[PDB]
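> Sequence, then the experimental structure. Questions to follow.
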Amino acid sequence: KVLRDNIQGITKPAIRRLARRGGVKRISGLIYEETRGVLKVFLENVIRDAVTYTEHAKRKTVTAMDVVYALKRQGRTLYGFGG
Amino acid sequence: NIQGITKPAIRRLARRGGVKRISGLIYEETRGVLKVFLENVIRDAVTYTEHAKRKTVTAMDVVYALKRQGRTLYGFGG
Amino acid sequence: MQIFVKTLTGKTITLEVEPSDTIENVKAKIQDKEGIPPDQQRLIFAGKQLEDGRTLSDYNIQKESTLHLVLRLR
Amino acid sequence: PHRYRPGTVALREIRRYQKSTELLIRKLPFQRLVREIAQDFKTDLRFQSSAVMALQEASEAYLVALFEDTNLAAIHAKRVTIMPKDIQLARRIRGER
Amino acid sequence: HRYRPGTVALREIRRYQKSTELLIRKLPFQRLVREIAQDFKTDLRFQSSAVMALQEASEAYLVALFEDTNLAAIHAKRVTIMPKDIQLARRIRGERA
Amino acid sequence: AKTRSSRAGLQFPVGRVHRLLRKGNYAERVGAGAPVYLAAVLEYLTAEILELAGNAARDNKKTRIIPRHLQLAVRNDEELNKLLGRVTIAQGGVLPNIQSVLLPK
Amino acid sequence: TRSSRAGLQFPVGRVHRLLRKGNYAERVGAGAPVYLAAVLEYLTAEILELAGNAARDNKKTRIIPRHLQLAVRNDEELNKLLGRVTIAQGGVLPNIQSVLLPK
Amino acid sequence: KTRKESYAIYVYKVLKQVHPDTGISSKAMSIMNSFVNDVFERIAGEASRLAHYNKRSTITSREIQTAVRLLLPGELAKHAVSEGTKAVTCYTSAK
Amino acid sequence: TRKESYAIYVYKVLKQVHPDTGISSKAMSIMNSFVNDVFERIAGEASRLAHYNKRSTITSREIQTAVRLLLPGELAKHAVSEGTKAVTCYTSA
DNA sequence: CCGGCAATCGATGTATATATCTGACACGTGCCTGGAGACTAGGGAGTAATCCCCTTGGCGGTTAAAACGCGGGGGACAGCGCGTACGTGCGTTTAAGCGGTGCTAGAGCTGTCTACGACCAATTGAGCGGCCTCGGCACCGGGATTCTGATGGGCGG
DNA sequence: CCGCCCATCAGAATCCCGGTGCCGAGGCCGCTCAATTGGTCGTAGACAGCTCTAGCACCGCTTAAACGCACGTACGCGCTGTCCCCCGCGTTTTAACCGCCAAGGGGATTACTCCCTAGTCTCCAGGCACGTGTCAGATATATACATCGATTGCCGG
């Protein structure tokens, strides 16, 4: 089933909590849209790489190993989910 | 010998960088950052030279060191 | 617009050919202005052998381009 | 009526969320967004739960680091509020196109 | 006559952004490199190509740093670059902790 | 002694490291002392990280080490921070840090 | 030769030899050198075409590192590919921020 | 005077194919040689890692194709994939 | 199928270091990833070093130079000392 | 007689102490696959000798760049005023999260057999090193064109 | 009547054009070593089939989080004034660059040997999968303490 409008599921309180963990006190009202765009770009890159990895293996299911390999390719090593 | 990097040279580098007005305390900072960068690269290059049992540092060692630091350089035999 | 075509003798010729015009039209204009038979002409752009069945826009030929003669790519 | 001045609860929230380790985004919306994004590259795709978990961890870490840099850029301009220009400057200096 | 401040600066910007020569004298850089190397190991020899490559890399690094510094200075509604701009650029890039 | 680790006086396995080296497409041949050297270095790094993490665990009045303690151990050491500079640790968190200009006067 | 069969300019046998003696895998297939040589030739052609155009703009008949730098820095995909590469004697792109220009 | 190999002749052939009347200097030749070598190492390493992940002992054209897709960005990957497929088909057809 | 890991050796080292502390299941996964990552880094550096000098074997000199190139300032000294001591003990016995 | 400064006081939020139960960690058991032991064959690497190439050091000149100083204009910084955008709190609405149920597509393992890659030997041409020659580009001198800033003027508050 | 905005001049600065020459790029030639060809052999991988696990879909209920609105205050932004510190230009000093010469350290090659590593076969024990008990830690509840913001008293203007 094709779903749209899911970028708005990242609500303003969630972005505020992320900013609080980042150390920010006051937030302008135009920050949420730019945050959504940045997150979308990052996710698009990572998912493209992971899907390429999955397709090479002739699998129809994306695994955590594909995500780890993609992230390592993007120069962002991640510890904990195997590897 | 760090004073051999004169102020006009730093101004020329800034001009190539697109800078119009320069504060008077910029030259000391530039000298410090250049010294740190050179120290790292030369350490790596001398390690590479010592592994090969040579008493002369070659351009290949410099290229390998720069590639290790993440700064590939074209035109010197890579 | 005006394109520059270079021959094996170093002669440079200016051609006023529309982007939508086909390569065969370019050959016909070259023959009209120079007398060289179209079948004896081999034009190249971006290191590719042009085909009479395509147009200038097919090869993405923009303004102030340069074409060369005779050279074949295969 | 009791009421705190502006900036107090903000500092309390900063202290609270800088000592915890849980994820700060709801799971169902993120899963839906990931599936929608992956629909562009290839249809009829299945995901392991671990894959979505790893994606969430990476995304949250990236965003937190970006917000730290944005706060630094905002302070450099003698401000306490973060604006989109700070995010743009941080991304440009980092090298992210 | 006399040119106003900022004119010769723009002329220099234009003329140094179209050339490709090295902007630092060779003997001082050679001396500095030799002393830095002698800090680690003594009785060391250098090829001319090694010093040339070191100079090229150093100049490229410094020019990129100055570009980032100019961006940071502009962000703070200024036209003069200051050490705080260099520190901010190095911190955001990741070299500075 | 029988096993190679006991001869070297180590805890990490020398035979397994040798097998991994010989099949990892690294070089045509592998010397005798390379597995010993690599195993010793790996054991040293593990010991350093574990000591720091155990101290962090004892600070929180805990008996077991969790990823938060590992993150606290790594981020508070200069050399470890330099080594693991581009590494994300799951369920780790961040170091508490507030800029001075944001504090009330 | 194998390049003649593949209709290429780059060498297939040399690429096969480099693959076999590079510690990449135990075995190498027959079509891998052909694929790699074709890709390398394509990339070389792209860069050289852009650099030759840049050389023609300068009224020069020979390519120098400045032309290669101008070609690479002005193309988005090429700039992305060679993002952490320094070209010797290349220079920079002319660019001045609009705030510094006189009113 | 030991023999030293390079890509100079093939690069010159390609240059004469794209621009019939244009030369090249020695420094530009060195830069081009470095570029070709760098791209070779990148693609080969990516293919080797791909083969290692899936527990294979051989490197095939599928590994090269996937490595090209992973490394090259955007339209570059599309055109490179087309060129490689055409070359492999032409090589297979001839014998 | 059997799956190999470093869990037992990490636990032995931990019991040598802190003879009463325990460890959870996610922390051991992080430790496994860390050990694997450092292994790959050092091995790749050593292989490149051997390739540069036209050698077909990897020795302890390659490992020493690799850990000198990869590890930061004060970590490298202690790592080199540990490796040298281990190699000497192995050779003598 | 009020203001700023300083010392109280209630409300709220956070950390601390005490059972309580549970699910994950630590330990014990069987077995099979990978590591250790013994031996043989061969080539990779260490070692010594030779040669010449390049790196280092020194001297002389000349000249452009660096250093120093000065006068001044423009930019950095500080204070002040205003207004609106963002934080804090409250009441209402929504969907996330949990707990089950069922079902099916696919991931994972196993046996087989076959086409593909490695290995070997002989042959031969493509590519590398060396030499020559001329034309693209560096260099120098002169005129053309373009900003730039001072000067005169005009105009409106 | 005078300060502010606008049109117009000479003077440095950059570029283009024409002649000169000169060194590097492009072409030609000989040889040797790596790529091609033809055949053999072993095994890596493709393919078919079976099993069972985990991913997807759906339904019901609780409740915490999200959302919308109001109010107020503190921060962002714009303006004004000052003051000083970087820029542009002229004079003097210095050391960088070029050219030339001389000497020797060490990098690169070659011949030879030998010892370290790979490959083979046998045997056995350590590590992995599985199962089980119990205790470190999450949960719930009550309580004590610290901080924050309003209230009020006091020295002083």
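On my side now, so go ahead. Numbering: from 1, shown residues only, chains lettered A, B, ... in the order given.

> so what's the residue sitting nearest the centre point of chain D up against?
Closest to where the C-alpha atoms of chain D average out (C-alpha atoms, centre = their mean) is residue D:63, at 3.5 Å. Counting by C-beta atoms under 8 Å, 6 or more residues apart in numbering or on different chains, residue D:63 touches A:18, A:22, A:35, A:38, A:39. Every residue, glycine included, has its C-beta placed from N, CA and C.

> The residue of chain D found nearest chain F - nearest residue in space that isn't next to it in sequence?
The minimum distance from chain D to chain F, using C-beta to the nearest C-beta, falls at residue D:21 (4.3 Å). Among residues not flanking residue D:21 along the chain, residue F:93 sits closest, at 4.3 Å (C-beta to C-beta, 6 or more residues apart in numbering or on different chains).

> could you measure the one you found against chain G, distance?
31 Å (C-beta to the nearest C-beta, to the nearest Å).

> do residue F:78 as well
With C-beta to the nearest C-beta as the criterion, residue F:78 and chain G are 26 Å apart.

> The residue of chain C found nearest chain B and chain H: what is the separation?
Across chain C, the shortest distance to chain B (C-beta to the nearest C-beta) belongs to residue C:47, at 22.9 Å. Distance, residue C:47 to chain H, by C-beta to the nearest C-beta: 4 Å.

> That residue and residue H:15 touch, don't they?
No - counting by C-beta atoms under 8 Å, residue C:47 does not reach residue H:15; the two are 9.3 Å apart.

> tell me, what residue is most central in the chain?
I went with chain A, as the question did not name one. Geometric centre of chain A, nearest residue: residue A:43, 3.8 Å, by C-alpha atoms, centre = their mean.

> Please refer instead to chain H.
In chain H, the centroid-proximal residue (C-alpha atoms, centre = their mean) is residue H:40; its distance is 5.9 Å.

> Surely that residue is in contact with residue G:19?
No - Residue H:40 lies out of contact with residue G:19 (C-beta under 8 Å); the separation is 9.2 Å.

> so what's the residue nearest the centre of chain C up against?
Centroid check for chain C by C-alpha atoms, centre = their mean gives residue C:43 as the closest residue, at 4.6 Å. Counting by C-beta under 8 Å, 6+ apart, residue C:43 touches C:5, C:23, C:26, C:27, C:50, C:67, C:68, C:69.

> Skipping adjacent residues, who's closest to the third one in space?
Distances taken as C-beta to C-beta, 6+ apart put residue C:17 closest to residue C:26, at 5.3 Å, once the chain neighbours are dropped.

> What's the end-to-end length of stretch H:46-64?
One end of stretch H:46-64 sits 8 Å from the other (C-alpha to C-alpha, to the nearest Å).

> Tell me how far residue D:52 lies from residue G:8.
44 Å (C-beta to C-beta, to the nearest Å).

> Next, count neighbours for the residue in chain A that DNA strand K sits nearest to.
Nearest residue of chain A to DNA strand K (C-beta to the nearest atom of the strand) works out as residue A:13 at 3.6 Å. Using other C-beta atoms under 10 Å in any protein chain shown, residue A:13 has 11 other residues around it.

> Can you say which helix or strand has it in it?
Assigned by DSSP states H and E, residue A:13 belongs to helix A:12-22.

> Next one: the one residue in chain H that gets nearest to chain I relative to residue G:17, how far apart?
Taking C-beta to the nearest C-beta, chain I has its nearest neighbour within chain H at residue H:45, 9.5 Å off. Per C-beta to C-beta, residue H:45 is found 17 Å from residue G:17.

> if we can go back for a sec, burial measure for the residue of chain D closest to chain F, as a count.
Residue D:21 sits with 14 neighbouring residues when counted by other C-beta under 10 Å.

> and it, what does it touch?
Going by C-beta under 8 Å, 6+ apart, the list of residues near residue D:21 reads F:67, F:68, F:91, F:92, F:93.

> ranking those residues by neighbours, who comes first?
Highest count within those by other C-beta under 10 Å belongs to residue F:92, 23 neighbours.

> now that one, nearest residue through space, not along the chain?
Residue F:92 sits nearest to residue F:71 (C-beta to C-beta, 6+ apart), 3.2 Å away.
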